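Residue 1 is where the sequence shown starts when you use PDB author numbering, and the numbers rise one by one after that.
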Amino acid sequence: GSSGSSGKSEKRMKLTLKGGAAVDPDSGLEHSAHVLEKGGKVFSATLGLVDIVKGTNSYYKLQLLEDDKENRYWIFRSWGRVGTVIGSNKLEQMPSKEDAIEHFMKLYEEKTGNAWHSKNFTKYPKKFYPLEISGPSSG
């Protein structure tokens with residue numbers, strides 16, 4: 001036996017099929033949703049904090065995933081010590097894209113303490129900072 005076939009035909013009518021950053025597999029939206037990109041930017045920030053006294057090392061990750069089905073979004077939040085028994089994540093669906101951005105903007109604003117879209121970064125006590133820094137501004 002044997003057979004084959006193929007085709008190609010579509011009408012682009014208000015559709016933005018594209019991505020940017022990679023999504024976490026633990027989110028289960030890596031094969032469904034994708035990193036929420038805005039203003040030619042990516043909603044993928046990697047913060048890290050480690051006490052010198054407590055000798056405890058922490059790491060906070062933030063990623064705003066966007067549903068590429070109809071119109072939905074989730075809010076991924078990872079936290080826990082560095083290489084330990086700890087390790088937990090949070091996944092919640094957002095009502096509106098904004099509600100997702102706001103949270104993602106406030107969340108990253110709570111850890112670091114500074115607004116996501118803010119200039120000048122003050123290394124506060126406990127406040128988390130950006131680990132892997134790349135691109136213009138800051139660093």
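Beta carbons: idealized from backbone N, C-alpha and C, even for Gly.
query: In three-state terms, what does DSSP make of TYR59?; result: strand
query: Using a threshold of 8 Å, state whether the C-beta atoms of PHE104 and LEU62 are closer than that.; result: yes
query: Where does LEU107 fall in DSSP's three states?; result: helix
query: Short of 8 Å in beta carbon distance, which residues of its chain neighbour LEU47, apart from the five on each side in sequence? Order them along the chain.; result: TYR59, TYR60, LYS61, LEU62, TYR108, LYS111, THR112, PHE128, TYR129, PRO130 and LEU131
query: Let's see if you can read the secondary structure: which residues bound the beta strand (DSSP E) around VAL50?; result: 44 to 50
query: Starting from the C-beta of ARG81, find all residues in its chain whose C-beta is less than 7 Å away, skip the five residues before and the five after it, and write them out in chain order.; result: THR56, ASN57 and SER58
query: Using the three-state DSSP reduction, which class does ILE133 fall into: helix, strand or coil?; result: coil
query: Would you list the one or two residues that DSSP bridges to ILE86?; result: Partner(s): none; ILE86 has no beta bridge.
query: Given a cut-off of 8 Å on the beta-carbon distance, is the pair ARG77 and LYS90 in contact?; result: yes
query: Decide if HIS117 is buried, meaning its Cβ has at least 16 other Cβ atoms within 10 Å, or exposed.; result: exposed
query: Excluding the 5 residues preceding and the 5 following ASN120 in the sequence, name in chain order all residues of the same chain whose CB lies nearer than 6 Å to its CB.; result: none
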